[PDB]
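Chains as they are written, first to last, in the authors' numbering: chain H, 11 to 248; chain M, 1 to 301; chain L, 1 to 281.
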Amino acid sequence: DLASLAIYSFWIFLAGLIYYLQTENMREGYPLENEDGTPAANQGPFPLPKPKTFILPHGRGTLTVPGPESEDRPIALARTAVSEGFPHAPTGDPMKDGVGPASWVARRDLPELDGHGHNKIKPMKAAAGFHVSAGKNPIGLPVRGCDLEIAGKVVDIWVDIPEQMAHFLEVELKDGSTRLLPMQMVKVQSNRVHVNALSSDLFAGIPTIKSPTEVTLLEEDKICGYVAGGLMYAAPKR
Amino acid sequence: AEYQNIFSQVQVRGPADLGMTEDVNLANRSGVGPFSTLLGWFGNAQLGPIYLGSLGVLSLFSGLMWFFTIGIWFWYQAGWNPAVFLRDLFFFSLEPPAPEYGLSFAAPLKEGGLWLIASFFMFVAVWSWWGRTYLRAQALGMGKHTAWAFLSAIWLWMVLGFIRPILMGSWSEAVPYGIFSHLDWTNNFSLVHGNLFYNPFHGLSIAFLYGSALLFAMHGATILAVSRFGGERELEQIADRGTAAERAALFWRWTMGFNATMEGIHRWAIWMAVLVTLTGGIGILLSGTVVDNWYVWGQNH
Amino acid sequence: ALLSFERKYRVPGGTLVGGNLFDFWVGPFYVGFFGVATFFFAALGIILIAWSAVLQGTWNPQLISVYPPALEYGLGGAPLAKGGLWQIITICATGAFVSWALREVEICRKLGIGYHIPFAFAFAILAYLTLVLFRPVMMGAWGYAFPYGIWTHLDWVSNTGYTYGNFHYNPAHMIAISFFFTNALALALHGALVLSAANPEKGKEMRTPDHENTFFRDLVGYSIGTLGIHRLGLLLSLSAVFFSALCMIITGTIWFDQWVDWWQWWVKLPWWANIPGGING
Ligand code: BCL
Ligand code: BCL
Ligand code: BCL
Ligand SMILES: CC[C@H]1c2cc3[nH]c4c(c3C)C(=O)[C@H](C(=O)OC)c4c3nc(cc4[nH]c(cc(n2)[C@@H]1C)c(C(C)=O)c4C)[C@@H](C)[C@@H]3CCC(=O)OC/C=C(\C)CCC[C@@H](C)CCC[C@@H](C)CCCC(C)C
Ligand SMILES: CC[C@H]1c2cc3[nH]c4c(c3C)C(=O)[C@H](C(=O)OC)c4c3nc(cc4[nH]c(cc(n2)[C@@H]1C)c(C(C)=O)c4C)[C@@H](C)[C@@H]3CCC(=O)OC/C=C(\C)CCC[C@@H](C)CCC[C@@H](C)CCCC(C)C
Ligand SMILES: COC(C)(C)C/C=C/C(C)=C/C=C/C(C)=C/C=C/C(C)=C\C=C\C=C(C)\C=C\C=C(/C)CC/C=C(\C)CCC=C(C)C
Ligand SMILES: CCCCCCCCCCCC[N+](C)(C)[O-]
Ligand SMILES: CCCCCCCCCCCC[N+](C)(C)[O-]
Ligand SMILES: [Fe+2]
């Protein structure tokens, strides 16, 4: 029967498709490892896919995956049990060590470039023509921490030009320097911006960017990680 | 308390983004449209510009011709009475030629001719628009993924109003042009073929329909969940994995034992959606041509 | 085993119940209080189902079916073999879904991400409870719920719908179907966009969000933006289920006649009800 042939065939196809799909999704994080960093014995029934190479724009090079996997950074954690499967405790300050919900990845220390080779994220002051178009403008509002103490003030908004979306709030600390805060980790209110993830005393700990008019992928990761990490590690102040 | 990122807290605007030029003929690119602060709370506030080469004009013309062919007939059914037009709006319908005419074009205008005409305009409108999804991609140097996925939708459509009616031997098999009637045609089609729930392809198609909603809910939510680590910048997370992509993968690994990659998830996505109309098109194509009753067919195979 | 970048995230904390009691993993699976709860609820329910399979007389997946109490039992309890097991299994199912959500909330807390996923999952759960709990209870009996069987539940879908004629006429069912169709459309597009950029024509360089916005801008005159499309997929999906739940919560309760006749309120509108011509005149 023709219908019987079609349905039988489709399942063969669907199985091969799932296989393909599962392998495609193994281009990162694999091979699997034991908590000590060595190859795990059991990798599963799915093999690693033949490598593929992405040609990055603006001469940033290429990315070939699968490829040698490495954190390229120290992990300040230690086993808390004699067997696999348990939590690894922060050896130092998780916030400062960047582990747990405060983890950051060692991304490239360059900024993201739009399709035109320009920086994707820039403070609004340096983005020609960009301005707040709707909703309460946070610039000028004082920034309050989960401890209900003011930790600074909003001195600018960092924008994603290609998307024309607000990404960070540049906040000035009492020492005069500034920090970036993920738009999604802040609550813009009528008379202030509220930050639940961090307590006043923790804003200074937020990683800082090298150049004042640009942030790099590596820097964004340390900033976002640190702030999110506050939800768990700030707790004692909130 | 905590922000969810469903609506923007504050919108920003800058010069109208005119987009990448690449190999695109800017002569056919229109000018920017207005900005919608309304749209801005949810997504991008900029309307336009839109590209419109020849194919674009062709497609838009056929499209409107199609719609107007159906609409004029709708008016005629209301006796050109505005009041009757609005109240019976969902009851009007442009039916295909009766069986008697087979696949010919003899059928009178008020008896299938207009349907064939409207159908003709739609055929041109859809296929021209398809070529358009391919070319707009080519002009930007991008892959042809969109045009391929759109083909899967075209498949069901093609099967419903052209391929099946043909194999079946008559245009009477095709779907009528009407809100309620097209629903009736759907119910009747199932009754007439032994109930599609028995059609293995209708069942797979449903799995993917529900699947697309499950997966997009998962994915969409996931990205929003890690948008605080810039997870929405999917292409760059594909080119340089960040903590967003890792937490996304680990939420699912820890939850269900396995996970995706920032690029792969989109492969799961494109197939989940695309298989809805793929399996569906087969299911329908086989109905009446190879299987008259799925319940029956089911009893044997 | 662990993903190459996983250890830094497997730290203590995030649990809602039991402190570090169940704070550990089993292979790739995170456990947690709710991981244990879920297993319990799930194991029981599966066992109770295998038992219903014995009382029904079959081990075949295509045949095993577990029906709720017959209408005559109302909202009370019924003998195990006569709707009791169903009632118990439903308890387990609910217990396992809600536990799964909560487990998710814990995973979120440990990973420092938003609660969007479990929040989304909650809509599915609510759809389920509308069919086996809220609608039944509003209608007066568990018999109105669907049976747990691969094919038998499709029967219930069919009979339930035809009890009102063509279910297509349910106005809320129409909206729900739209979102489902639109969602599938959106998913196909979103996936094809990202992929057409990450995988350009042979030898070319990866395109960019700018290219993505450009592509849709050229194609239809608008691009929702990367944050927007994800906001959209979520919205479409959830809206689709919300309206599904709504299309049924109103069926058999505030409306129990033929859904097609519901549309008469519009046609019978005074200012054109009696005008001749058209389909309804
Ligand atoms: C709201 C819709 C109606 C309904 C209408 C239909 C129709 C119409 C169809 C199905 C179909 C299916 N339905 Mg149903 N279905 C309902 C409620 C449910 C519930 C539930 C707890 O509420 C469950 C678990 C299912 C499950 C299923 C799958 C067996 C099947 C296709 C998977 C799919 O589409 O996945 C979307 C989700 C995914 C792809 C994720 C993976 C989900 C896996 C596949 C589900 C496993 C279910 C399992 C076999 C039984 C329980 C597990 C055991 C306890 C261990 N339905 C309600 C009553 N259903 C299709 C079919 O082929 O039926 C024979 C079909 O045509
Ligand atoms: C009583 C009716 C029968 C029944 C009869 C049918 C029939 C008949 C069919 C389906 C089909 C489908 N059914 Mg069913 N179905 C029933 C019950 C169900 C139930 C349920 C819970 O009960 C569910 C979940 C489904 C689900 C589904 C979907 C999986 C599938 C449609 C895929 C789709 O997205 O097409 C959406 C998309 C298209 C049709 C794509 C084509 C789009 C075209 C190319 C573009 C439009 C161009 C246009 C010019 C632009 C317009 C205007 C501009 C916007 C301005 N059915 C009952 C039992 N069903 C279809 C299928 O494939 O089945 C196998 C089908 O033919
Ligand atoms: C002849 C039949 C009638 C009809 C009768 C009905 C009836 C009756 C119903 C629908 C419902 C629906 N109909 Mg209808 N419907 C018809 C024709 C159609 C057509 C079409 C093309 O013709 C379409 C597209 C639809 C579409 C729809 C959807 C909007 C909706 C189902 C999805 C949903 O709510 O999921 C909601 C999602 C769930 C219920 C799943 C919950 C998942 C749970 C929480 C988790 C499962 C975990 C699992 C057990 C674990 C498995 C193991 C693991 C995999 C390891 N119908 C015809 C006219 N339709 C349903 C609705 O609105 O339901 C609320 C419904 O009840
Ligand atoms: C894998 C299957 C899924 C899918 C995929 C899919 N659809 C697609 C694509 C893809 C990948 C495209 O690339 C293509 C697209 O361009 O998307 C934006 C498309 C598309 N899917 C569409 C529709 C569609 N897809 C559907 C479904 C699905 N699409 C599946 C779920 C459905 C249904 C029934 O569920 C519909 C209705 C089209 C919007 C678009 C293809 C457009 C096209 O062919 O246009 C040709 C003709 C016209 C210009 C039409 C004109 C009609 C006018 C008379 C309208 C209004 C006139 C009037 C109002 C003017 C005044 C305006 C006032 C409002 C002010
Ligand atoms: C709300 C909108 C959409 C959505 C979202 C959604 N679903 C989700 C999530 C989200 C956000 C998750 O996070 C969660 C997930 O883990 O993803 C893989 C999940 C999930 N959606 C699932 C299924 C599912 N979702 C569906 C639908 C949808 N999910 C919507 C379209 C459907 C259908 C029919 O459309 C199904 C079948 C699960 C794979 C997974 C949740 C897994 C889970 O809860 O595991 C705990 C329990 C067990 C392992 C076993 C329970 C066994 C017994 C106790 C009971 C079974 C009895 C009976 C009720 C079943 C009988 C079935 C018959 C009808 C055949
Ligand atoms: C009041 O304002 C004025 C402008 C009149 C506007 C009013 C217009 C209105 C109210 C329009 C309403 C239109 C509606 C309701 C359209 C509805 C369509 C629906 C509900 C469903 C569509 C299903 C159609 C399908 C599956 C069509 C498939 C078509 C094909 C596969 C192509 C077939 C082509 C054929 C037969 C041509 C043959 C010719 C050759 C040789 C190639
Ligand atoms: C991306 C593809 C993954 C989706 C796999 C969906 C599996 C659901 C299969 C259920 C329907 C079975 N059938 C033949 C009885 O209808
Ligand atoms: C019909 C679709 C249902 C599929 C159920 C399969 C769930 C797979 C869980 C796999 C993860 C396994 N593990 C432990 C090796 O990681
Ligand atoms: Fe995405």
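A virtual CB, placed ideally from N, CA and C, is assigned to each residue, including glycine.
Taking 7 Å as the line, does the beta carbon of residue i fall inside it for any heavy atom of ligand 6?
i              : result
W75 (chain M)  : yes
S244 (chain L) : no
Considering only heavy atoms of ligand 9, does any lie closer than 7 Å to the CB of residue i?
i              : result
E236 (chain M) : no
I284 (chain M) : no
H211 (chain L) : no
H219 (chain M) : yes
Please list the terminal residues of the continuous alpha helix (DSSP H) segment that includes residue i.
i                     : result
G228 (chain L)        : 226-249
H211 (chain L)        : 209-220
residue 291 (chain L) : The structure shown does not extend to residue 291 (chain L), since chain L spans only 1 to 281, so no value can be given for it.
Could you give the first and the last residue of the continuous beta strand (DSSP E) run that contains residue i?
i              : result
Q11 (chain M)  : 11-13
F178 (chain H) : 175-182
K135 (chain H) : No beta strand (DSSP E) holds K135 (chain H); DSSP gives it neither H nor E.
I65 (chain H)  : 62-66
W168 (chain H) : 160-170
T72 (chain H)  : 71-75
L190 (chain H) : 188-192
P152 (chain H) : 152-155
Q199 (chain H) : 197-199
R87 (chain M)  : Premise fails: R87 (chain M) lies in the alpha helix (DSSP H), 82-87, not in any beta strand (DSSP E).
Compute the minimum distance between the beta carbon of residue i and the heavy atoms of ligand 5, and state whether it is under 7 Å.
i              : result
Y210 (chain M) : yes
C92 (chain L)  : yes
Residue i and residue j: beta carbons closer than 8 Å?
i              : j              : result
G221 (chain L) : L47 (chain M)  : yes
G235 (chain H) : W114 (chain H) : yes
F251 (chain M) : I113 (chain L) : yes
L246 (chain L) : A273 (chain M) : no
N44 (chain M)  : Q194 (chain H) : no
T289 (chain M) : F20 (chain H)  : no
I65 (chain H)  : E205 (chain L) : yes
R87 (chain M)  : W259 (chain L) : no
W86 (chain L)  : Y67 (chain L)  : yes
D157 (chain H) : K135 (chain H) : no
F216 (chain M) : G233 (chain L) : yes
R241 (chain M) : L195 (chain L) : no
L103 (chain M) : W155 (chain M) : no
Could you tell me if the beta carbon of residue i falls within a distance shorter than 7 Å of some heavy atom in ligand 8?
i             : result
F39 (chain L) : no
Please tell me whether, using a cut-off of 7 Å, the distance from the CB of residue i to the nearest non-hydrogen atom of ligand 1 is below it.
i              : result
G71 (chain M)  : no
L154 (chain L) : yes
Should residue i be counted as a contact of ligand 7 given a C-beta to heavy atom distance under 7 Å?
i              : result
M272 (chain M) : yes
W129 (chain M) : no
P61 (chain L)  : no
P200 (chain M) : yes
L195 (chain L) : no
With a cut-off of 8 Å on the beta carbons, I'd call residue i and residue j a contact; round off their distance for me.
i              : j              : result
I17 (chain H)  : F201 (chain M) : 7 Å
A244 (chain M) : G231 (chain M) : 4 Å
Does any heavy atom of ligand 2 sit closer than 7 Å to the C-beta of residue i?
i              : result
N293 (chain M) : no
Quick one, which residues of the region 6-34 of chain L are near chain M if we go by CB-CB under 8 Å, in chain order?
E6, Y9, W25, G27, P28, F29, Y30
Residues of the region 106-125 of chain L with Cβ closer than 9 Å to any Cβ of chain M, in chain order:
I107, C108, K110, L111, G112, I113, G114, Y115, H116, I117, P118, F119, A120, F121, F123, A124
In the region 171-185 of chain H, which residues sit with their C-beta less than 7 Å from some C-beta in chain L, listed in chain order?
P172, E173, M175
Please name the residues in the region 108-124 of chain M whose beta-carbon is closer than 8 Å to at least one beta-carbon of chain L, in chain order.
none
Mind checking the region 55-69 of chain H against chain L and listing, in chain order, the residues whose C-beta falls within less than 9 Å of any C-beta there?
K62, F64, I65, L66, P67, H68
Output, in sequence order along the chain, the residues in the region 222-239 of chain L whose CB is closer than 9 Å to any CB in chain M.
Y222, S223, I224, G225, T226, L227, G228, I229, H230, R231, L232, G233, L234, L235, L236, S237, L238
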